[PDB]
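Asks: Dropping a structure here in structure tokens format, bear with me for questions.
Cβ placement follows ideal geometry from the backbone for every residue including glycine, while neighbour counts extend to all protein chains displayed. Laboratory data are not the source of any read-out in this text; all were calculated from the coordinates shown.
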Amino acid sequence: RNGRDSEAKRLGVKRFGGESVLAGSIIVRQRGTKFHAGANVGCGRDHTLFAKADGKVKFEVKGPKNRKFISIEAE
Amino acid sequence: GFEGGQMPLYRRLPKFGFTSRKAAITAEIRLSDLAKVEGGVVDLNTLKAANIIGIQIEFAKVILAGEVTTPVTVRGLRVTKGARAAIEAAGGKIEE
Amino acid sequence: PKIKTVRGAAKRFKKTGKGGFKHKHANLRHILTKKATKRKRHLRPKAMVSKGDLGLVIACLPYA
Amino acid sequence: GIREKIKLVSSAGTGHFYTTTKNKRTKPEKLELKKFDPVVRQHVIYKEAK
RNA sequence: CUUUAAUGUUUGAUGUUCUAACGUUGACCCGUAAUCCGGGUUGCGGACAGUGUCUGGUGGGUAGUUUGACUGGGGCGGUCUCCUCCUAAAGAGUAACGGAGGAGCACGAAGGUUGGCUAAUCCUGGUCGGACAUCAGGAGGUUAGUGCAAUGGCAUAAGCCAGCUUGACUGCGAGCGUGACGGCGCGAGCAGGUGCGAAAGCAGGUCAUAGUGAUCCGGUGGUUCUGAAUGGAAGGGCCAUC
RNA sequence: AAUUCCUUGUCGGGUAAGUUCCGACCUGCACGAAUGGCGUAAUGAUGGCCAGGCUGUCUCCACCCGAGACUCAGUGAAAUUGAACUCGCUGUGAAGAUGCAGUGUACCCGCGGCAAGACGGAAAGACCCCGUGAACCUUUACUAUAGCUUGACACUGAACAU
RNA sequence: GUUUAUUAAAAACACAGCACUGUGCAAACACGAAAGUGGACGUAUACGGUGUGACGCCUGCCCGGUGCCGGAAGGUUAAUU
RNA sequence: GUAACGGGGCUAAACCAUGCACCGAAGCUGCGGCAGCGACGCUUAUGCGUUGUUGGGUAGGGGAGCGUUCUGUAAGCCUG
RNA sequence: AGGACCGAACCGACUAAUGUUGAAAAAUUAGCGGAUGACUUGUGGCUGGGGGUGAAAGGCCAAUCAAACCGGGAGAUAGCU
RNA sequence: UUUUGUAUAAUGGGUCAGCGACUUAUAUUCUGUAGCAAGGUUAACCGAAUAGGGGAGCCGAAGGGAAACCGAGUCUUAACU
RNA sequence: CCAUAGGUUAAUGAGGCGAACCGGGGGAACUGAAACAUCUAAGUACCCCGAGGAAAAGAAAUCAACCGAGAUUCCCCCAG
Ligand SMILES: [Mg+2]
Ligand SMILES: [Mg+2]
Ligand SMILES: [Mg+2]
Ligand SMILES: [Mg+2]
Ligand SMILES: [Mg+2]
Ligand SMILES: [Mg+2]
Ligand SMILES: [Mg+2]
Ligand SMILES: [Mg+2]
Ligand SMILES: [Mg+2]
Ligand SMILES: [Mg+2]
Ligand SMILES: [Mg+2]
Ligand SMILES: [Mg+2]
Ligand SMILES: [Mg+2]
Ligand SMILES: [Mg+2]
Ligand SMILES: [Mg+2]
Ligand SMILES: [Mg+2]
Ligand SMILES: [Mg+2]
Ligand SMILES: [Mg+2]
Ligand SMILES: [Mg+2]
Ligand SMILES: [Mg+2]
Ligand SMILES: [Mg+2]
Ligand SMILES: [Mg+2]
Ligand SMILES: [Mg+2]
Ligand SMILES: [Mg+2]
Ligand SMILES: [Mg+2]
Ligand SMILES: [Mg+2]
Ligand SMILES: [Mg+2]
Ligand SMILES: [Mg+2]
Ligand SMILES: [Mg+2]
Ligand SMILES: [Mg+2]
Ligand SMILES: [Mg+2]
Ligand SMILES: [Mg+2]
Ligand SMILES: [Mg+2]
Ligand SMILES: [Mg+2]
Ligand SMILES: [Mg+2]
Ligand SMILES: [Mg+2]
Ligand SMILES: [Mg+2]
Ligand SMILES: [Mg+2]
Ligand SMILES: [Mg+2]
Ligand SMILES: [Mg+2]
Ligand SMILES: [Mg+2]
Ligand SMILES: [Mg+2]
Ligand SMILES: [Mg+2]
Ligand SMILES: [Mg+2]
Ligand SMILES: [Mg+2]
Ligand SMILES: [Mg+2]
Ligand SMILES: [Mg+2]
Ligand SMILES: [Mg+2]
Ligand SMILES: [Mg+2]
Ligand SMILES: [Mg+2]
């Protein structure tokens, strides 16, 4: 009565903290906002996070709910 | 084209276009040629007589294909914007 | 024996200046209403045969 | 399915049309919406909902 | 001109009659010392039967073939596509007829935006108050909620309500992510034009990941791109689309 | 039951002992009236069971006559066969060993016998899967189609009523 | 009686008998593109097919499906016009 | 058929421990030799004396070769 | 008188032993069934291959039959060993 | 030979000698190489015959776009940053 | 009845054979489409009929493109 599963969506982190990226490069594919867009980083309709500027990826935890935020500082 | 029972790319992908019936009677001429017309007049058929385009061509252009030498009178042929400057920058003459 | 072309190959591909082949996208034919306008915009323009697929179409088009 | 495809026709002669869906039971009237006509380059009113 | 009859003609139908094609495996004559055959006469029939052309029905009589794969042999049973979790060994992927569930839809607002809003459930008190309709008090703090499966999200709310509306806009596209492939997906910004706002701004569909169908053949509709001598035309093309 | 699964059903009958047979009962897994029902004297190299006869079928084999085996001469084949300096046991290993390992046993060659083994000979398994294999058969599979049938024009016309 | 010559002789096929059903004779059927032969130089007390199997006593119930006989008014209905 | 130390045998020839020797491989090393590539020592159509290294191998891929039979150079060259 | 009876020649083939590189590509030896009939046999003739002929076993069609024999398309196709 | 693996009790060969398995044709494409080179070669066909003649034609120098066309551009779009 | 059949006789010829092209009359399937029924194999294999040094085609109701090429069987392009 079983016998089913779903195809893997290849999510996870594509660019980690400390990596040079251009603008538009995808950094994380996600379902919810496990990670949030921080300063100079943008959010697409499926919560895919992408670079809005050339620079290096930076993971930090900020604010009162200890959420993970990803930003990009220009280099 | 066999790719296994799978639908090959040429069936996988769609057809496009039609053939208009014009490519076979329209030729293009380069500047490295035109001086070989052994008569100094560039017409519709001089080039045919010299075996440079082909017997059934009915329209010809000139394009800018480099080196322009002897002065020529290009008659009954179209000339591109660029080509007119090269033909005249060495004299020649254009007329419809 | 002159070679014979797989003639259906010749009606979907045309060879470009350097040696690849340009082609039309699939799915553009019917059942368009459900498809997003953006998706159709990037599918209207032509594309190149990929590197993995060149190794056979070329087998199919010796006179292209 | 149980939701029909319709065509919206531009109320400016152009032959541009949009396609969408409709619950024809629950929504029996003719749907009417401003859309961009790429031929007249303006947001014109669109009709039809068969 | 409006309307109809007559007749002649024309042919349509229904029957009756005729005889000349058309049948005769009725009798006789002749080629002739012939159960063939022909011609001849005569009787019987006669526009029928019978045969050719085409057309609707029938047709294992006879022909060609098809009659899936997987699978702890095969068959039986079940599965075949998508989605979520899981085994999956803390990046991606990962197997079996392993373990649990779902999708083949919905929405003109259950969409954009502007302003603005906050659940579940204990205790106590209260008209008909019943364990639990409804008003009130605090305790409580997203267990609520999300159009539905799971997961991750959710308070700046993605949840709930409204006024205004259509950006579910057409053109595009830096850069990527995922694919053997076809493809699939994310997107700041640009022109045009738009909605809402005082504005900064936010909008290129629905919290997101299912909601599915390539190629062909053909169908609409616009497009002067093509038009087999020429002008149109037909068919071909592209865009939209079924 | 030529049908009965359960089943060697149950009951009586024969026997010392009767999963069959004979008789019956009815609970007919799942008889039936021309895909005939029941019953029938005669016939039957037909199937089942029993009895007097007869016995080497047997208990359990003894003895005899001949043909081949066997010994000489004459003539003279066969399948099979990588190669042979072709043993027991145990264990090992493509999992059942004349060839490996350990270990035991054995002077070298015939002729007569047996057939346990050589996963013996013979046959590119007849079961079994698989090949988008093959061939005859079937039918309310598909698709065409002979034969049969419907008509339509033609061969094929002339009158009259309506 | 008959049978699988060449492992099956039977409970199998046949048989007389019985039933159904087609057949008016240029029969029906059957061979053959067709001519023409069989049927039969017979003519329904005769011939074909099908089912059953001597003699005896007998063969019930169902016409919904299925397949055949008959029906002809209405429905759908091809070529052609 | 001993048949659950490979055997005989073993009271250590068993086991724990600490030591110290010794056998043990196509590995390492030694000696002689070949090839591949790599560079120098130097010049040269280099080759080495060298000299670092490297050389198990199915399918499969690369590379250099042996010989047969037939033609030519070959009325040349062998050969009673 | 009878597809009556017992039973040789004749015809056929139920049982067993041998025979299985046999004497023999089914036969011999001991019995078997029928033997005036739907009998048995000589000589000729006729049926031709999705066709024949069959008292029906897919039996027989030259030691071959779920499609005989020769030659042809032909080196069919062989994803298999 | 085949396998994951074979003394394997899995297949093939009894022994020998001879025969016995990647060819021929035309295309088209890469390589090594030759000639020639913005040009490279002619095909038939003529024949003094492999010589010489024969550029019809085919490959290339320029391609973008279905096509119109435009051309070192061009296709997109009303135009593109 | 005329007539035609029918009959009789002379002369003349035709009768059948053997490769191949040709012309025409008949005409498969395997195979390929990795099934197979449209299409393929192929107007091929085969049948027959006939025939010459060849046969058959043959002299524009053919093409062209507003200029013109001019019977017709064949060799290479066009051109997969
Ligand atoms: Mg040329
Ligand atoms: Mg379209
Ligand atoms: Mg059949
Ligand atoms: Mg299977
Ligand atoms: Mg993981
Ligand atoms: Mg209360
Ligand atoms: Mg026209
Ligand atoms: Mg159109
Ligand atoms: Mg009893
Ligand atoms: Mg007894
Ligand atoms: Mg009855
Ligand atoms: Mg019965
Ligand atoms: Mg009975
Ligand atoms: Mg008898
Ligand atoms: Mg002797
Ligand atoms: Mg081993
Ligand atoms: Mg053993
Ligand atoms: Mg013996
Ligand atoms: Mg063996
Ligand atoms: Mg054996
Ligand atoms: Mg086998
Ligand atoms: Mg026989
Ligand atoms: Mg026996
Ligand atoms: Mg009868
Ligand atoms: Mg019967
Ligand atoms: Mg009726
Ligand atoms: Mg012990
Ligand atoms: Mg050593
Ligand atoms: Mg050394
Ligand atoms: Mg090596
Ligand atoms: Mg008698
Ligand atoms: Mg007798
Ligand atoms: Mg017998
Ligand atoms: Mg027999
Ligand atoms: Mg005898
Ligand atoms: Mg006898
Ligand atoms: Mg005879
Ligand atoms: Mg056969
Ligand atoms: Mg063939
Ligand atoms: Mg063969
Ligand atoms: Mg194996
Ligand atoms: Mg292997
Ligand atoms: Mg052995
Ligand atoms: Mg084997
Ligand atoms: Mg072996
Ligand atoms: Mg062998
Ligand atoms: Mg096929
Ligand atoms: Mg076939
Ligand atoms: Mg002629
Ligand atoms: Mg003229």
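Asks: In degrees between 0 and 90, to the nearest 10, how far off the longest principal axis of chain C does helix C:51-60 point, with axes built from Cα atoms?
Replies: The angle comes out near 50 degrees.
Asks: Among C:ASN27, C:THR5, C:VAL49, flag the residue with its Cα farthest along the positive direction of the charge dipole of chain C, charges on Cβ as +1 for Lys/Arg and -1 for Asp/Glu.
Replies: Final value for the positive-end residue is C:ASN27.
Asks: Could you give each residue of the range C:28-45 its phi-based ³J(HN,Hα) in whole Hz, using Karplus coefficients 6.51, -1.76, 1.60 with θ = phi - 60°, and x for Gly or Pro?
Replies: 8, 6, 6, 6, 6, 4, 7, 8, 5, 4, 4, 3, 6, 3, 6, 9, 5, x
Asks: On to the next question. Mean residue ellipticity at 222 nm from the helices of chain C, using -39,500 (n - 2.57) per DSSP H segment of n ≥ 4 over the full residue count, to the nearest 500 deg cm²/dmol?
Replies: Dividing the helical sum by the residues of chain C leaves -7500 deg cm²/dmol.
Asks: Sticking with this structure for a sec: Work out the length of the dipole vector of chain D about its Cα centre, built from +1 on the beta-carbon of each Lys and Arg and -1 on the beta-carbon of each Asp and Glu, and round it to the nearest 20 debye.
Replies: I would put it at about 220 debye.
Asks: Further, regarding this structure: Compare the Cα positions of D:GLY1, D:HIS43, D:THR14 along the charge dipole of chain D (+1 at Cβ of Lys, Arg; -1 at Cβ of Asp, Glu; about the Cα centre) and return the one farthest towards the positive end.
Replies: After comparing all options, I get D:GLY1.
Asks: Using unit Cβ charges (K, R positive; D, E negative) and no other charged atoms, how large, in debye to the nearest 20, is the dipole of the protein assembly as shown about its Cα centre?
Replies: In debye, rounded to 20, the protein assembly as shown gives about 2360.
Asks: Under 5 Å between amide hydrogens, which residues at least 5 positions from A:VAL57 or on another chain qualify, with H placed 1.01 Å from N in the peptide plane?
Replies: A:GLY18, A:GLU19, A:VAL21
Asks: Let's see if you can work this out: charge +1 on each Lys and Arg Cβ, -1 on each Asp and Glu Cβ, no other charges. What is the dipole magnitude of the range B:21-94 about its Cα centre, in debye to the nearest 20?
Replies: Around 300 debye, computed over the range B:21-94.
Asks: On to the next question. Please report the relative contact order for the range A:12-73, taking Cα pairs under 8 Å with a sequence separation of at least 6, and give it as a percent rounded to a whole number.
Replies: Over the range A:12-73, the number comes to 36 percent.
Asks: If you average the alpha carbon positions of the range B:10-64 and of chain D, how far apart do those two centres end up, in angstrom?
Replies: A separation of 48 Å, based on Cα centres.
Asks: Taking 0.36 nm per residue of sequence separation and subtracting the Cα-Cα distance, how much length would be gained by fully extending the chain between B:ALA49 and B:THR19, in nm to one decimal?
Replies: 8.0 nm
Asks: Could you list C:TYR63, D:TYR18, D:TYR46 so that the one with the fewest beta carbons within 10 Å of its beta carbon is first and the one with the most is last?
Replies: Exposure proxy ranking, most exposed first: C:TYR63, D:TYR18, D:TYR46.
Asks: Here's another thing I want to ask about it. What is the spin-label model distance, in nm, from B:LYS81 to A:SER25 if the labels are put 7 Å beyond Cα along the C-beta direction?
Replies: If labels sit at B:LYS81 and A:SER25, their model points lie 4.0 nm apart.
Asks: Here is a follow-up. When the helices in chain B are scored as -39500 (n - 2.57) per DSSP H run of 4 or longer and the sum is shared across all residues, what 222 nm value do you end up with, to the nearest 500 deg cm²/dmol?
Replies: -3500 deg cm²/dmol
Asks: Would you work out which of B:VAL74, B:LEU13, B:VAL37 lies farthest towards the positive end of the dipole of chain B? Charges go on Cβ: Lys and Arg +1, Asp and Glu -1.
Replies: Of B:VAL74, B:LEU13, B:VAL37, it is B:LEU13.
Asks: Now, a different point. Between the range A:26-62 and the range C:1-62, what is the separation of their alpha carbon centroids in Å?
Replies: Using only Cα atoms to place each centre, the spacing works out to 36 Å.
Asks: Measure up B:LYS15/C:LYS18; C:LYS40/D:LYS24; A:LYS58/C:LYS24; C:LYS18/D:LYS35; C:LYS38/D:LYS22 against 31 Å on the Cα-Cα distance and list the ones that go over.
Replies: A:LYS58/C:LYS24; C:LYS18/D:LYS35
Asks: With a cut-off of at most 16 other beta carbons within 10 Å, and DSSP calling the residue loop, which chymotrypsin sites (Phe, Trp or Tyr not before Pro) in the range A:11-64 qualify? Please list them.
Replies: In loop regions of the range A:11-64 (DSSP not H, G, I, E or B), the sparsely surrounded chymotrypsin sites (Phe, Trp or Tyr not before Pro) are A:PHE16.
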